[PDB]
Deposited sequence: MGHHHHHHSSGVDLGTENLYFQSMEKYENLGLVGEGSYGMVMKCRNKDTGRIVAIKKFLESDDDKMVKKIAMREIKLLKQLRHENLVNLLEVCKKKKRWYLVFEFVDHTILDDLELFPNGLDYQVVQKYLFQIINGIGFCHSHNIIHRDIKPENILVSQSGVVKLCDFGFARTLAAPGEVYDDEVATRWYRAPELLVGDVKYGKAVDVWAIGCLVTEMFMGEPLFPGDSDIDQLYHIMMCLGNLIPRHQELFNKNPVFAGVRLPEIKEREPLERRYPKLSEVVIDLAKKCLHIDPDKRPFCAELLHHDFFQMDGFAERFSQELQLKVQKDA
């Protein structure tokens, strides 16, 4: 079955390159009519140890089955190349943000955020750090079901140049530990990224839109103050930053000063996610029990709502 063995690509037709997401093809199932999204995973099966490691990744995808994650449907082979087949979701959060220049309605933000935190939380409990949270990487169904894509397979088989392209593309959402070169980052980098989406979704403005990694740090520190000493040490030892000094800042512009209309509950949520010290950020499950989701029983009501959406939407 679609779970047991490699399937064939004969039943698929190409419909233009999806997206952003590397080489991800939009295809249609000739037999079912189902529209799908196909990514090229392996170039060559030949390397015996390589294949060994690919099966390790595929096995993990098949175990990351969740309502708020794009589903891997099947794996196909053609010649020496392997292709992962994912579901095709209607649109992205970025698409909604471009229709709504003043930000999203409060309840739409609650529903999108709750789902994002839920999907990320599941990743963390399976020892996966998503590392690529941004509006374009968060898909939305016609029924409003959020689905996270792009977490691990393509990134491992990637060039030093693809690593570099990724870091540039996610620049605005990268936590300070990443920007200074901490290679022992943890799950907390996703929480930071979620923090970034809070004010963006409400205000229709990116939070820290820097032009470079030094400029990114500057935007972060102007709002949130000095980096922790561990981060300063990494910065000073990082060849990327040779001849560059960390921002000194006389005047901090705190978040509530920048967005004085935002309620204290919303500000509190963002600040929790945006701790400069990643140890001080909450974990995902704690976030879902913030007042922002719990006032007027939103989280409870919405969990039931979401379960019916999911079952009739799929």
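Chemist: Tell me, which runs of residues in the deposited sequence have no coordinates at all?
Modeler: No C-alpha coordinates exist for 1 to 15, 35 to 36.
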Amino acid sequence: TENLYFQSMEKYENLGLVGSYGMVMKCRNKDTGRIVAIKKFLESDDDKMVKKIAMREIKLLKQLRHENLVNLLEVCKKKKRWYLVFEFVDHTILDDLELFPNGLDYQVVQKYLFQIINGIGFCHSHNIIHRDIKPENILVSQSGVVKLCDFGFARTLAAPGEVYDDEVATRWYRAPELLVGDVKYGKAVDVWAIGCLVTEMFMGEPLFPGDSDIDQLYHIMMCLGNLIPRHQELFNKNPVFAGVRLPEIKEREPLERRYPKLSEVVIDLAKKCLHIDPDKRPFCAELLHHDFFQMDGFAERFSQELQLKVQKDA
From here on, numbers count along this sequence of modelled residues.
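Chemist: Averaging C-alpha B-factors over each stretch, which comes out higher, 263 to 271 or 36 to 44?
Modeler: Going by the record's values, the stretch with the higher mean is 36 to 44.
Chemist: Averaging C-alpha B-factors over each stretch, which comes out higher, 189 to 197 or 174 to 182?
Modeler: Stretch with the greater average CA B-factor: 174 to 182.
Chemist: Whose C-alpha has the highest temperature factor in the PDB entry: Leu69, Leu255, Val50, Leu288?
Modeler: Result of the comparison over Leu69, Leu255, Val50, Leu288: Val50.
Chemist: For the CA B factor values reported in this entry, which option in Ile276, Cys284, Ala54, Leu246 has the top one?
Modeler: Going by the entry's C-alpha B-factors, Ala54 comes out highest.
Chemist: Please rank the C-alpha B-factors of the chain's modelled residues and tell me whether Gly225 sits in the lowest, middle or highest third.
Modeler: Ranked within chain, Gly225 CA B lands in the middle tercile.
Chemist: Please place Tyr21 in the lowest, middle or highest third of its chain according to the CA B-factor in the PDB entry.
Modeler: It belongs to the highest third of the chain when residues are ordered by C-alpha B-factor.
Chemist: Sort the modelled residues of this chain by their C-alpha B factor and say whether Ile93 lands in the lowest, middle or highest third.
Modeler: CA B-factor rank for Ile93: lowest third.
Chemist: Classify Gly152 as lowest, middle or highest third according to the C-alpha B-factor given in the PDB entry, relative to its own chain.
Modeler: Answer is highest: the recorded C-alpha B-factor places it there.
Chemist: Of the three thirds of its chain by CA temperature factor, lowest, middle or highest, which one includes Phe241?
Modeler: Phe241: CA B-factor falls in the middle third of its chain.
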